[PDB]
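Chemist: Coordinates in data_2.csv, CSV, N, CA and C atoms, are listed below.
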chain,number,residue,atom,x,y,z
A,1,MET,N,-22.2,-32.8,33.4
A,1,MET,CA,-21.5,-31.7,32.9
A,1,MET,C,-22.2,-30.4,33.1
A,2,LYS,N,-23.1,-30.4,34.1
A,2,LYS,CA,-23.9,-29.3,34.5
A,2,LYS,C,-24.2,-29.2,36.0
A,3,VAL,N,-23.7,-28.1,36.6
A,3,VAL,CA,-23.8,-28.0,38.1
A,3,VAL,C,-25.2,-27.6,38.5
A,4,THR,N,-25.7,-28.4,39.4
A,4,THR,CA,-27.1,-28.1,39.9
A,4,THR,C,-27.2,-28.3,41.4
A,5,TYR,N,-28.1,-27.6,42.0
A,5,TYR,CA,-28.4,-27.7,43.4
A,5,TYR,C,-29.8,-28.1,43.6
A,6,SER,N,-30.1,-28.8,44.7
A,6,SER,CA,-31.5,-29.1,45.1
A,6,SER,C,-31.5,-29.2,46.6
A,7,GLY,N,-32.6,-29.5,47.2
A,7,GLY,CA,-32.7,-29.7,48.6
A,7,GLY,C,-34.0,-29.1,49.2
A,8,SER,N,-34.2,-29.5,50.5
A,8,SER,CA,-35.4,-29.0,51.2
A,8,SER,C,-35.2,-29.1,52.7
A,9,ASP,N,-36.0,-28.4,53.5
A,9,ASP,CA,-35.9,-28.4,54.9
A,9,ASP,C,-37.2,-27.8,55.4
A,10,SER,N,-37.5,-28.0,56.7
A,10,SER,CA,-38.7,-27.4,57.3
A,10,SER,C,-38.6,-27.2,58.8
A,11,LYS,N,-39.5,-26.4,59.3
A,11,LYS,CA,-39.7,-26.3,60.7
A,11,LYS,C,-41.2,-26.2,61.0
A,12,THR,N,-41.5,-26.4,62.3
A,12,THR,CA,-42.8,-26.0,62.8
A,12,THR,C,-42.8,-24.6,63.2
A,13,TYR,N,-43.9,-23.8,62.8
A,13,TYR,CA,-44.1,-22.5,63.3
A,13,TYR,C,-43.8,-22.3,64.8
A,14,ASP,N,-43.0,-21.3,65.1
A,14,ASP,CA,-42.8,-20.9,66.5
A,14,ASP,C,-42.7,-19.4,66.7
A,15,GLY,N,-43.1,-18.6,65.7
A,15,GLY,CA,-43.1,-17.2,65.8
A,15,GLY,C,-41.7,-16.6,65.6
A,16,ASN,N,-40.7,-17.4,65.2
A,16,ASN,CA,-39.3,-17.0,65.0
A,16,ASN,C,-39.0,-17.2,63.5
A,17,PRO,N,-38.1,-16.4,63.0
A,17,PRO,CA,-37.7,-16.6,61.6
A,17,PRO,C,-37.0,-17.9,61.3
A,18,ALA,N,-37.3,-18.4,60.1
A,18,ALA,CA,-36.6,-19.7,59.7
A,18,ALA,C,-35.1,-19.5,59.6
A,19,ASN,N,-34.4,-20.6,60.0
A,19,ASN,CA,-32.9,-20.6,59.8
A,19,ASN,C,-32.5,-21.5,58.7
A,20,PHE,N,-32.2,-20.9,57.6
A,20,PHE,CA,-31.7,-21.7,56.4
A,20,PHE,C,-30.4,-22.3,56.7
A,21,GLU,N,-30.2,-23.6,56.4
A,21,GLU,CA,-28.9,-24.3,56.6
A,21,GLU,C,-28.3,-24.7,55.3
A,22,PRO,N,-27.2,-24.1,54.9
A,22,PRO,CA,-26.6,-24.3,53.6
A,22,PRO,C,-26.1,-25.8,53.4
A,23,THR,N,-25.8,-26.5,54.5
A,23,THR,CA,-25.4,-27.9,54.4
A,23,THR,C,-26.5,-28.8,54.0
A,24,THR,N,-27.8,-28.4,54.0
A,24,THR,CA,-28.9,-29.2,53.5
A,24,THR,C,-29.0,-29.1,52.0
A,25,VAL,N,-28.3,-28.2,51.4
A,25,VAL,CA,-28.3,-28.0,49.9
A,25,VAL,C,-27.5,-29.1,49.3
A,26,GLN,N,-28.0,-29.8,48.3
A,26,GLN,CA,-27.4,-31.0,47.7
A,26,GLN,C,-26.9,-30.6,46.3
A,27,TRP,N,-25.7,-30.9,46.1
A,27,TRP,CA,-25.0,-30.5,44.8
A,27,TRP,C,-24.7,-31.6,43.9
A,28,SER,N,-24.8,-31.4,42.6
A,28,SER,CA,-24.6,-32.5,41.7
A,28,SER,C,-24.0,-32.0,40.4
A,29,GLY,N,-23.5,-32.8,39.5
A,29,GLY,CA,-23.1,-32.5,38.2
A,29,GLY,C,-21.7,-32.4,37.9
A,30,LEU,N,-20.8,-32.2,38.9
A,30,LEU,CA,-19.4,-32.1,38.7
A,30,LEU,C,-18.7,-32.8,39.8
A,31,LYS,N,-18.0,-33.9,39.6
A,31,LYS,CA,-17.2,-34.6,40.6
A,31,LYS,C,-16.1,-33.7,41.0
A,32,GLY,N,-16.0,-33.5,42.4
A,32,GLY,CA,-15.0,-32.7,43.0
A,32,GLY,C,-15.3,-31.3,43.2
A,33,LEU,N,-16.6,-30.9,42.8
A,33,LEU,CA,-17.0,-29.5,43.0
A,33,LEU,C,-16.9,-29.2,44.5
A,34,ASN,N,-16.2,-28.1,44.8
A,34,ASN,CA,-16.0,-27.6,46.2
A,34,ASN,C,-17.1,-26.7,46.7
A,35,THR,N,-18.0,-27.1,47.6
A,35,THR,CA,-19.1,-26.3,48.1
A,35,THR,C,-18.9,-26.0,49.5
A,36,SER,N,-17.7,-26.3,50.1
A,36,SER,CA,-17.5,-26.2,51.5
A,36,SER,C,-17.4,-24.7,52.0
A,37,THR,N,-17.3,-23.8,51.1
A,37,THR,CA,-17.2,-22.4,51.6
A,37,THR,C,-18.5,-21.6,51.6
A,38,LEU,N,-19.6,-22.2,51.1
A,38,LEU,CA,-20.9,-21.5,51.0
A,38,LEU,C,-21.5,-21.3,52.4
A,39,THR,N,-22.1,-20.2,52.6
A,39,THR,CA,-22.8,-19.8,53.8
A,39,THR,C,-24.2,-19.4,53.5
A,40,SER,N,-25.0,-19.1,54.6
A,40,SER,CA,-26.4,-18.7,54.4
A,40,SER,C,-26.5,-17.4,53.6
A,41,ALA,N,-25.4,-16.6,53.7
A,41,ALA,CA,-25.4,-15.3,53.0
A,41,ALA,C,-25.4,-15.5,51.4
A,42,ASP,N,-25.1,-16.7,51.0
A,42,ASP,CA,-24.9,-17.0,49.6
A,42,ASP,C,-26.2,-17.4,48.9
A,43,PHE,N,-27.3,-17.4,49.7
A,43,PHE,CA,-28.6,-17.8,49.2
A,43,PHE,C,-29.6,-16.7,49.6
A,44,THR,N,-30.6,-16.4,48.8
A,44,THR,CA,-31.6,-15.4,49.1
A,44,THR,C,-33.0,-16.0,49.2
A,45,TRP,N,-33.7,-15.7,50.2
A,45,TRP,CA,-35.1,-16.1,50.4
A,45,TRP,C,-35.9,-15.4,49.3
A,46,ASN,N,-36.8,-16.1,48.6
A,46,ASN,CA,-37.7,-15.6,47.6
A,46,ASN,C,-39.0,-15.1,48.2
A,47,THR,N,-38.9,-14.2,49.2
A,47,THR,CA,-40.0,-13.7,49.9
A,47,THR,C,-40.2,-12.2,49.5
A,48,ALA,N,-41.3,-11.6,50.0
A,48,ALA,CA,-41.6,-10.2,49.5
A,48,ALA,C,-40.5,-9.2,49.9
A,49,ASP,N,-39.8,-9.4,51.0
A,49,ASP,CA,-38.8,-8.5,51.5
A,49,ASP,C,-37.4,-9.1,51.4
A,50,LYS,N,-37.3,-10.3,50.8
A,50,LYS,CA,-36.1,-11.1,50.6
A,50,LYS,C,-35.4,-11.4,52.0
A,51,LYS,N,-36.2,-11.5,53.0
A,51,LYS,CA,-35.8,-11.9,54.4
A,51,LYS,C,-36.4,-13.2,54.8
A,52,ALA,N,-35.8,-13.8,55.8
A,52,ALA,CA,-36.3,-15.1,56.3
A,52,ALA,C,-37.7,-14.9,56.8
A,53,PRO,N,-38.6,-15.8,56.4
A,53,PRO,CA,-40.0,-15.7,56.9
A,53,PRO,C,-40.3,-16.3,58.2
A,54,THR,N,-41.4,-16.0,58.8
A,54,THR,CA,-41.9,-16.5,60.1
A,54,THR,C,-43.2,-17.3,60.0
A,55,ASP,N,-44.1,-16.8,59.2
A,55,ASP,CA,-45.4,-17.4,59.0
A,55,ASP,C,-45.3,-18.8,58.3
A,56,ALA,N,-46.3,-19.6,58.7
A,56,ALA,CA,-46.5,-20.9,58.0
A,56,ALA,C,-46.7,-20.7,56.5
A,57,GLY,N,-46.0,-21.5,55.7
A,57,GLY,CA,-46.0,-21.3,54.3
A,57,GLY,C,-45.0,-22.2,53.6
A,58,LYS,N,-45.0,-22.2,52.3
A,58,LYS,CA,-44.0,-22.9,51.5
A,58,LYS,C,-43.2,-21.8,50.8
A,59,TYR,N,-41.9,-21.9,51.0
A,59,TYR,CA,-41.0,-20.9,50.4
A,59,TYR,C,-39.9,-21.5,49.6
A,60,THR,N,-39.2,-20.7,48.8
A,60,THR,CA,-37.9,-21.1,48.2
A,60,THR,C,-36.8,-20.2,48.5
A,61,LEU,N,-35.6,-20.7,48.3
A,61,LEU,CA,-34.4,-19.9,48.3
A,61,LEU,C,-33.6,-20.1,47.0
A,62,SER,N,-32.8,-19.2,46.5
A,62,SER,CA,-32.0,-19.3,45.4
A,62,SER,C,-30.6,-18.9,45.7
A,63,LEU,N,-29.6,-19.5,45.0
A,63,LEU,CA,-28.2,-19.1,45.1
A,63,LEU,C,-28.2,-17.7,44.5
A,64,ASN,N,-27.6,-16.7,45.2
A,64,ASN,CA,-27.5,-15.3,44.7
A,64,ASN,C,-26.2,-15.0,44.1
A,65,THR,N,-26.0,-13.8,43.6
A,65,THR,CA,-24.7,-13.5,42.9
A,65,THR,C,-23.5,-13.5,43.8
A,66,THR,N,-23.7,-13.2,45.0
A,66,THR,CA,-22.6,-13.4,46.0
A,66,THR,C,-22.2,-14.9,46.1
A,67,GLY,N,-23.2,-15.8,46.1
A,67,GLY,CA,-23.0,-17.2,46.2
A,67,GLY,C,-22.4,-17.8,44.9
A,68,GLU,N,-22.8,-17.3,43.7
A,68,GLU,CA,-22.1,-17.7,42.5
A,68,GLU,C,-20.6,-17.3,42.6
A,69,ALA,N,-20.3,-16.1,43.0
A,69,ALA,CA,-18.9,-15.7,43.1
A,69,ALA,C,-18.2,-16.6,44.1
A,70,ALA,N,-18.8,-16.9,45.2
A,70,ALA,CA,-18.1,-17.7,46.2
A,70,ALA,C,-17.8,-19.1,45.7
A,71,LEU,N,-18.8,-19.7,45.0
A,71,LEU,CA,-18.6,-21.0,44.4
A,71,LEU,C,-17.5,-21.0,43.3
A,72,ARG,N,-17.5,-20.0,42.5
A,72,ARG,CA,-16.5,-19.9,41.5
A,72,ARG,C,-15.1,-19.7,42.1
A,73,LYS,N,-15.0,-18.9,43.2
A,73,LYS,CA,-13.7,-18.7,43.9
A,73,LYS,C,-13.2,-20.0,44.5
A,74,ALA,N,-14.1,-20.9,44.9
A,74,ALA,CA,-13.7,-22.1,45.6
A,74,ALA,C,-13.3,-23.2,44.6
A,75,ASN,N,-13.5,-22.9,43.3
A,75,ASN,CA,-13.2,-23.9,42.2
A,75,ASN,C,-12.4,-23.4,41.1
A,76,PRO,N,-11.1,-23.0,41.4
A,76,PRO,CA,-10.3,-22.2,40.4
A,76,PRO,C,-9.9,-23.1,39.2
A,77,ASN,N,-10.0,-24.4,39.3
A,77,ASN,CA,-9.7,-25.2,38.1
A,77,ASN,C,-10.7,-25.2,37.0
A,78,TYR,N,-11.9,-24.5,37.4
A,78,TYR,CA,-13.1,-24.5,36.5
A,78,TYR,C,-13.6,-23.2,36.2
A,79,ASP,N,-14.2,-23.1,35.0
A,79,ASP,CA,-15.0,-21.9,34.7
A,79,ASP,C,-16.5,-22.4,34.7
A,80,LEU,N,-17.1,-22.1,35.8
A,80,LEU,CA,-18.5,-22.6,36.0
A,80,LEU,C,-19.5,-21.6,35.3
A,81,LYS,N,-19.9,-22.0,34.1
A,81,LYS,CA,-20.7,-21.1,33.2
A,81,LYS,C,-22.2,-21.1,33.5
A,82,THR,N,-22.7,-22.2,34.0
A,82,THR,CA,-24.1,-22.2,34.5
A,82,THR,C,-24.2,-22.8,35.9
A,83,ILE,N,-25.1,-22.3,36.7
A,83,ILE,CA,-25.4,-22.9,38.0
A,83,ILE,C,-26.9,-22.8,38.1
A,84,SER,N,-27.6,-24.0,38.2
A,84,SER,CA,-29.0,-24.0,38.2
A,84,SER,C,-29.5,-24.8,39.4
A,85,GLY,N,-30.7,-24.4,40.0
A,85,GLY,CA,-31.2,-25.2,41.1
A,85,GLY,C,-32.5,-24.7,41.6
A,86,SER,N,-33.0,-25.5,42.6
A,86,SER,CA,-34.2,-25.2,43.3
A,86,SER,C,-34.1,-25.7,44.7
A,87,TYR,N,-34.7,-24.9,45.7
A,87,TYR,CA,-34.6,-25.3,47.1
A,87,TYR,C,-35.8,-24.9,47.8
A,88,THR,N,-36.5,-25.8,48.5
A,88,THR,CA,-37.8,-25.5,49.1
A,88,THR,C,-37.7,-25.6,50.6
A,89,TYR,N,-38.2,-24.6,51.3
A,89,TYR,CA,-38.2,-24.5,52.8
A,89,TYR,C,-39.7,-24.3,53.2
A,90,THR,N,-40.2,-25.2,54.0
A,90,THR,CA,-41.6,-25.1,54.5
A,90,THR,C,-41.6,-24.8,56.0
A,91,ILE,N,-42.5,-23.9,56.3
A,91,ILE,CA,-42.8,-23.7,57.8
A,91,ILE,C,-44.2,-24.3,57.9
A,92,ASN,N,-44.3,-25.3,58.7
A,92,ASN,CA,-45.6,-26.0,59.0
A,92,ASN,C,-46.4,-25.3,60.1
A,93,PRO,N,-47.7,-25.3,60.0
A,93,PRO,CA,-48.4,-24.7,61.1
A,93,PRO,C,-48.2,-25.4,62.4
A,94,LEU,N,-48.4,-24.8,63.6
A,94,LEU,CA,-48.2,-25.4,64.9
A,94,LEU,C,-49.5,-26.0,65.3
A,95,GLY,N,-49.5,-27.3,65.6
A,95,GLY,CA,-50.6,-28.0,66.1
A,95,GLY,C,-51.0,-27.5,67.5
A,96,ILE,N,-52.3,-27.1,67.7
A,96,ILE,CA,-52.8,-26.7,69.0
A,96,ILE,C,-53.9,-27.7,69.3
A,97,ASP,N,-53.7,-28.5,70.3
A,97,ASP,CA,-54.6,-29.6,70.7
A,97,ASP,C,-56.0,-29.1,71.2
Now that the file is in, can you turn its structure into structure tokens?
Modeler:
Amino acid sequence: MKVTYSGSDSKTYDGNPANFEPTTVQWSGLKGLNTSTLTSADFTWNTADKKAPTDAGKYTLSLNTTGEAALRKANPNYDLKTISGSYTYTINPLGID
């Protein structure tokens, strides 16, 4: 009876910004919840500039207010009063032999 999200992903450092993939986010708590309309724009990187990072490190993203509205719109039979979650994205350092 409580909508939650979780998930994780990673890449190896390549000097390019990370590409968050919303299909790696795992949803739970409500049978039949429609998450098919969510996009990368619906989550915000919890970084200093709120942009996708490049440097090796451990980062998180959170569903933002745009994302809350999108999820609510996709589920008209419900009044989704809480949405809680955690999502971790790691950029691993590049091995140099």
Chemist: Determine, counting only N, CA and C atoms, which protein, DNA and RNA residues have an atom within 7 Å of an atom of residue 26 of chain A; residues of the same chain fewer than 5 positions away are not included. Present the result as a PyMOL selection string.
Modeler: chain A and resi 4-8
Chemist: Name the residues in contact with residue 96 of chain A at a cut-off of 12 Å, using only C-alpha atoms, excluding same-chain residues fewer than 4 positions from it; report them as a list in words.
Modeler: residues 12, 13 and 14 of chain A
Chemist: Go ahead and write the selection's residues with N, CA and C atoms as a PDB file, in the coordinates of the input.
Modeler:
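Produced file again-v5.pdb, reproduced below:
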ATOM      1  N   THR A  12     -41.500 -26.400  62.300  1.00  0.00           N
ATOM      2  CA  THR A  12     -42.800 -26.000  62.800  1.00  0.00           C
ATOM      3  C   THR A  12     -42.800 -24.600  63.200  1.00  0.00           C
ATOM      4  N   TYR A  13     -43.900 -23.800  62.800  1.00  0.00           N
ATOM      5  CA  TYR A  13     -44.100 -22.500  63.300  1.00  0.00           C
ATOM      6  C   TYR A  13     -43.800 -22.300  64.800  1.00  0.00           C
ATOM      7  N   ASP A  14     -43.000 -21.300  65.100  1.00  0.00           N
ATOM      8  CA  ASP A  14     -42.800 -20.900  66.500  1.00  0.00           C
ATOM      9  C   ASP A  14     -42.700 -19.400  66.700  1.00  0.00           C
TER      10      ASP A  14
END
Chemist: Just give me the gap between atom CA of residue 19 of chain A and atom CA of residue 37 of chain A in Å, one decimal is fine.
Modeler: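 Computing the Euclidean distance for atom CA of residue 19 of chain A and atom CA of residue 37 of chain A yields 17.8 Å.
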Chemist: Find the residue from A:61, A:18, A:70, A:1 that sits nearest to residue 91 of chain A; use all atoms listed in the file when measuring.
Modeler: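 Ranked by minimum distance to residue 91 of chain A, first place goes to A:18.
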Chemist: Let me make sure I understand: among A:31, A:51, A:11, A:73, which one has the smallest atom-to-atom distance to residue 90 of chain A if we use all atoms listed in the file?
Modeler: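 Under the stated criterion, the closest residue is A:11.
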Chemist: What does the distance from atom C of residue 27 of chain A to atom CA of residue 82 of chain A come to in Å, to one decimal?
Modeler: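 Atom C of residue 27 of chain A sits 13.3 Å away from atom CA of residue 82 of chain A.
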Chemist: Just give me the gap between atom CA of residue 24 of chain A and atom CA of residue 92 of chain A in Å, one decimal is fine.
Modeler: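 These atoms are spaced 17.9 Å apart.
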Chemist: Which of these, A:50, A:65, A:58, A:36, has the shortest distance to residue 87 of chain A once you count only C-alpha atoms?
Modeler: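 Distance minimum relative to residue 87 of chain A lands on A:58.
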Chemist: Restricting the calculation to only C-alpha atoms, which member of A:80, A:89, A:2, A:62 is positioned closest to residue 17 of chain A?
Modeler: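 Checking each of A:80, A:89, A:2, A:62 against residue 17 of chain A, counting only C-alpha atoms, the winner is A:89.
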Chemist: With only C-alpha atoms as the basis for distance, which of A:56, A:30, A:48, A:63 is at the shortest distance from residue 77 of chain A?
Modeler: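 Going through A:56, A:30, A:48, A:63 one by one, the smallest distance to residue 77 of chain A is for A:30.
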Chemist: Can you tell me which residues surround residue 74 of chain A at a distance of at most 10 Å, considering only C-alpha atoms, apart from same-chain residues fewer than 6 positions away, and format the answer as an MDAnalysis selection string?
Modeler: chainID A and resid 33:38 68
Chemist: Which one is closest to residue 67 of chain A: A:3, A:25, A:94, A:41? Count only C-alpha atoms.
Modeler: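 The shortest atom-to-atom distance to residue 67 of chain A comes from A:41.
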Chemist: Which of chain A counts as strand (DSSP E) under DSSP, as a count of residues only please?
Modeler: 30
Chemist: Out of chain A, which residues get alpha helix (DSSP H) from DSSP, as a VMD selection string?
Modeler: chain A and resid 65 to 73
